[PDB]
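What follows is a short report on a single structure.
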Amino acid sequence: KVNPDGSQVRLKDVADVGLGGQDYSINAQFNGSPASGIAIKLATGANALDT
Amino acid sequence: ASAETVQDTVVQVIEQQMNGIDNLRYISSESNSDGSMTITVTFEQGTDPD
């Protein structure tokens with residue numbers, strides 16, 4: 001909001017804008033260290049060893 | 001919108017997901033100026049197109 005005098009309200013001092021995550025509900029650890037990873041499937045008709 | 005916004009907005013993620021289809025040949029794209037956009041994915045022969 002901003003008046004015609006020039007006094008204004010930014011999203012500073014209303015919010016705390018900073019980058020974070022989508023969903024904080026799932027949390028994973030690997031021997032104490034935080035970790036995420038890919039679960040790789042195999043496409044139909046493909047040799048798995050060289051994949 | 002311009003070409004670079006469409007190219008890093010739509011074509012990135014659709015061409016990202018359109019790998020992993022078995023029996024491909026090459027996945028190519030095109031992002032035009034006037035807001036048009038197309039992706040022509042080409043399969044190897046011996047695949048029923050439906």
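We did not get these values from a lab; they are worked out from the coordinates using the rules stated. Every residue, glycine as well, gets a Cβ built from its backbone with ideal geometry; the counts of neighbours run over all protein chains shown.
Measure off 7 Å from each Cα along the Cα-to-Cβ vector at B:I27 and A:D13, then give the distance between these two points in nanometres to one decimal.
4.9
Within 11 Å, Cβ to Cβ, of B:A3, how many net charges do the neighbouring residues add up to if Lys/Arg are +1 and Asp/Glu are -1?
Charge balance near B:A3 sits at -4.
How would you classify the protein assembly as shown from its alpha-carbon gyration tensor, with a ≥ b ≥ c the square roots of the eigenvalues: rounded for a/c under 1.5, else prolate if a/b is greater than b/c, otherwise oblate?
Here the protein assembly as shown falls in the oblate category.
Work out from phi, with θ = phi - 60° and the Karplus expression 6.51 cos²θ - 1.76 cosθ + 1.60, the ³J(HN,Hα) of each residue of the stretch B:3-19, listed in order in whole Hz, and give x for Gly and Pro.
So the J values, rounded to whole Hz, are 6, 6, 5, 5, 6, 9, 9, 9, 6, 3, 7, 6, 5, 5, 7, 8, 8.
Under the Karplus relation 6.51 cos²θ - 1.76 cosθ + 1.60, θ = phi - 60°, what is the ordered set of whole-Hz ³J(HN,Hα) values for the stretch A:25-34, x standing for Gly and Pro?
6, 8, 10, 10, 10, 9, 6, x, 8, x
So, with +1 on the Cβ of K and R and -1 on the Cβ of D and E, and no other charges, what is the size of the charge dipole of the protein assembly as shown about its Cα centre, to the nearest 20 debye?
Here the protein assembly as shown has a charge dipole of around 440 debye.
Take A:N3 and A:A35, extend 7 Å from each Cα along the Cα→Cβ direction, and tell me the distance between the two endpoints in nm.
Label-label distance for A:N3 and A:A35, simple model: 5.8 nm.
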